[PDB]
Amino acid sequence: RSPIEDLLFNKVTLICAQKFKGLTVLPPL
Amino acid sequence: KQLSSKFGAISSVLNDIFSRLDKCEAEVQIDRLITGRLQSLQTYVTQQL
Amino acid sequence: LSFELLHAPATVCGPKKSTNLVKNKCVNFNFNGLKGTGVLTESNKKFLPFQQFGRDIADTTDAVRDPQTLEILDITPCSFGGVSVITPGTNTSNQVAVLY
Amino acid sequence: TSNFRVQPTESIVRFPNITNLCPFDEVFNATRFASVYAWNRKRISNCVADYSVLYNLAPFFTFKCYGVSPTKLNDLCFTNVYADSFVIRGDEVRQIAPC
Amino acid sequence: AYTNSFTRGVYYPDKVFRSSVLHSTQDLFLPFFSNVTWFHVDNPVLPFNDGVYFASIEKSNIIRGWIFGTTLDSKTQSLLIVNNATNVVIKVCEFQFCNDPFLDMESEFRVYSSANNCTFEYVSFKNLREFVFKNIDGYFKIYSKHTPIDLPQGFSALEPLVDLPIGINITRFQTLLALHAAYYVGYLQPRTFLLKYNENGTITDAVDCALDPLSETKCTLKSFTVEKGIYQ
Ligand SMILES: *[C@@H]1O[C@H](CO)[C@@H](O)[C@H](O)[C@H]1NC(C)=O
Ligand SMILES: *[C@@H]1O[C@H](CO)[C@@H](O)[C@H](O)[C@H]1NC(C)=O
Ligand SMILES: *[C@@H]1O[C@H](CO)[C@@H](O)[C@H](O)[C@H]1NC(C)=O
Ligand SMILES: *[C@@H]1O[C@H](CO)[C@@H](O)[C@H](O)[C@H]1NC(C)=O
Ligand SMILES: *[C@@H]1O[C@H](CO)[C@@H](O)[C@H](O)[C@H]1NC(C)=O
């Protein structure tokens, strides 16, 4: 990634509790 | 937090209802839980759509 | 014969036999009237001496306190997940691939 | 297709080590009972209730139980038991109910 | 003789353990910035409604217990908890108090002349002690918290010490002093509090939801920080 993109991904932000209760997040393809 | 809701039953978890009530007396409580848990699921699916 | 719910350490019930517990294994548990399925692991958290079994956002018994050994445990559910079957086609071949 | 899970192997009971018996003889096989205006209150705690010797006293006209189901008096374990013993007539048996 | 109390009177409502959970509890916590009465040295008598929050800052051991009851005579039962500098004892039955109950080598027990029909008994400025007594479902509970230090600044979480299943009405409150030191007493009210937990599992801050509309907005957003905008 470019330094502009390196600044871009750093400006965008428990998962175990949701993972236990039947809620799973599929990773992007 | 809606899973954490009681939905008008005696308890918000099925383990307590299984430990306290017999299955025939817990039929109504399980029915009252599903009627509302499936509704929350449908509302979440509609919002996601 | 009035009764109150499990908001305190239990005192009076039947003479059920209390067997020894195991750790890091898929075993059912019965801690003072509540039952569930999972594994028992040692925890590094802290429970004030007056604290009973804990709870979470989803209102489940994540951690329990042993009334006999006064020990520290966690409750976590079993290894579960979705299974995916890769079918290239009914007319092509009967071979499938299993994905977890 | 579906969802897989790991089945449990055995069950573990971790009840506290209580050996003394509850004094059910002084509340069920008492010489006399109080009235409905001066009903007694007995604190039963820190003992074991077998829930099997009460059936040898007399046949029960009603066994109504709100909340906890009779079949499951042994699986649960309570922390405080209150007893209110008094006597009523036959037409006033159904009056022991809320509302 | 009136001083406001802020960020005091918060105790654990239940017996559950939560970590990093912004759970809201409705109980009898002391309202924030509420007027309480403080007497300095007597032993006046105060009504006991709902719950009573008690605080004390002394240099030596001056408070020698409390008196609870309804009429404080030989007609109705009264509750007495006293410490004789060795172990705290709890005994609630029919007492008979004098006009000026006081304690004076702590072997000058003269709070009551004689007792009868006893029902229950039990045997167990750098100092700050806080006590909370309340009656719910006929279950007496005592919350205690001691820490070294005109209310002190900061926050403190009160922990339960003993549990008493007395199940009697209490409407008369009276403290006991030592003769030969100021104490803070307040009245508890039903309020809604948003408690915050951490990784260790202790309360570091609390919010009284009925103090100011900012706290109501914090209750609505379920967070301690509110951003720029308009909220209903
Ligand atoms: C009974 O349980 C207590 C826990 O409260 C324990 O301290 C004690 O050693 C036990 N007694 C036995 C196992 O004989
Ligand atoms: C009640 O106590 C009397 C006193 O001896 C006894 O004879 C009677 O069998 C008891 N009733 C029972 C055990 O049901
Ligand atoms: C408390 O009451 C006193 C006397 O009326 C008054 O001077 C003081 O400002 C009050 N403080 C609060 C917290 O209202
Ligand atoms: C306790 O005393 C108060 C005041 O005397 C009274 O209002 C209340 O009804 C009493 N409690 C009971 C259970 O009678
Ligand atoms: C509180 O947490 C800190 C770090 O998170 C830790 O160093 C400290 O030991 C904890 N306090 C207690 C009493 O465990």
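S.K.: Got a minute to help me understand the pairing of strand β4 (residues 81-85) of chain D in this structure?
M.R.: Residues in a regular strand project their side chains so that they alternate between the two faces of the sheet. Counting buried residues in β4(D) gives four out of five residues, a clear majority hidden from the surface. With two bridges connecting them, strand β1 (residues 2-3) of chain C and β4(D) associate as antiparallel partners. Each residue of the ladder has a partner; that of C:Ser2, found in β4(D), is D:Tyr82. Two elements, strand β3 (residues 40-44) of chain D and β4(D), share five bridges in a ladder whose sense is antiparallel. Paired with D:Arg43 across the two strands is D:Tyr82, which belongs to β4(D).

S.K.: Could you clarify how one ought to interpret the interface of chain D and chain C in this entry?
M.R.: Note on interface size: it is often stated as the accessible area lost on association of the parts. If you look at the interface, chain D gives 39 residues, while chain C gives 44 residues. In this assembly, chain D packs against chain C so that about 3900 Å² is buried in total across both faces, 59% of it on carbon and sulfur atoms. Scanning the region where chain D abuts chain C turns up one salt bridge. In this structure, the salt-bridge partner of D:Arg14 is C:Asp66, at a minimum N-O distance of 2.9 Å. Connecting chain D to chain C are 17 residue pairs in polar contact. At the level of elements, β1 (3-4), β2 (11-13) and β4 of chain D are the ones that each hand at least two residues to the side of chain D that touches chain C.

S.K.: I tried to follow the sheet that holds strand β13 (residues 172-175) of chain E on my own but got confused; where do I start?
M.R.: Residue and element names in this part refer to chain E. If you walk across this open sheet you meet the six strands as β4-β13-β6-β7-β8-β9, and the pairing is antiparallel. The strands lining the two open edges of the sheet, one partner per strand, are β4 (45-47) and β9 (116-123). Neighbour-to-neighbour, the strand axes of this sheet turn through a mean angle of 20°, independent of strand direction. With six bridges joining them, strand β8 (residues 88-94) and β9 adopt antiparallel strand pairing. Bridge assignment links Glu94 to a residue of β9, and that residue is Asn116.

Conventions adopted
As presented, residues are numbered from 1 along each chain according to the written sequence, a scheme that may differ from that of the entry, and residues lacking coordinates are left out. Each chain is given a letter, starting from A, and each ligand a number, starting from 1, according to the order in which they appear as written. In this view, a larger assembly is represented only partially, and all stated values concern the represented chains. Where side-chain values are given, they derive from all heavy atoms of the structure, hydrogens and water being excluded. Classification of residues uses two cut-offs on accessible area relative to the type maximum, computed with a 1.4 Å probe and protein chains only: under 20% is buried, over 50% is exposed, and between them is partly exposed. The helix count covers DSSP runs of H or I at least four residues long, the strand count covers runs of E at least two residues long, and both are numbered beginning at the N terminus. Here, strands pair whenever DSSP counts at least two bridges between them. Throughout, a residue-residue contact means that at least one pair of heavy atoms, one from each residue, lies within 4.5 Å. Here's the idea: put two parts together, see how much 1.4 Å probe accessible area each one loses, and the total over both is what we call buried area. A pair is scored as a salt bridge if a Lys or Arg side-chain nitrogen falls within 4 Å of a carboxyl oxygen belonging to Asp or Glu. Any pair of nitrogen or oxygen atoms within 3.5 Å is treated as a polar contact; in protein, a donor-acceptor pairing is required on top of that, and neighbouring residues in sequence qualify only through side-chain atoms on both sides. Simply put, an axis is a line fit to the C-alpha atoms, just over the touching stretch for a helix, and the angle between two N-to-C directions goes from 0 to 180 degrees.

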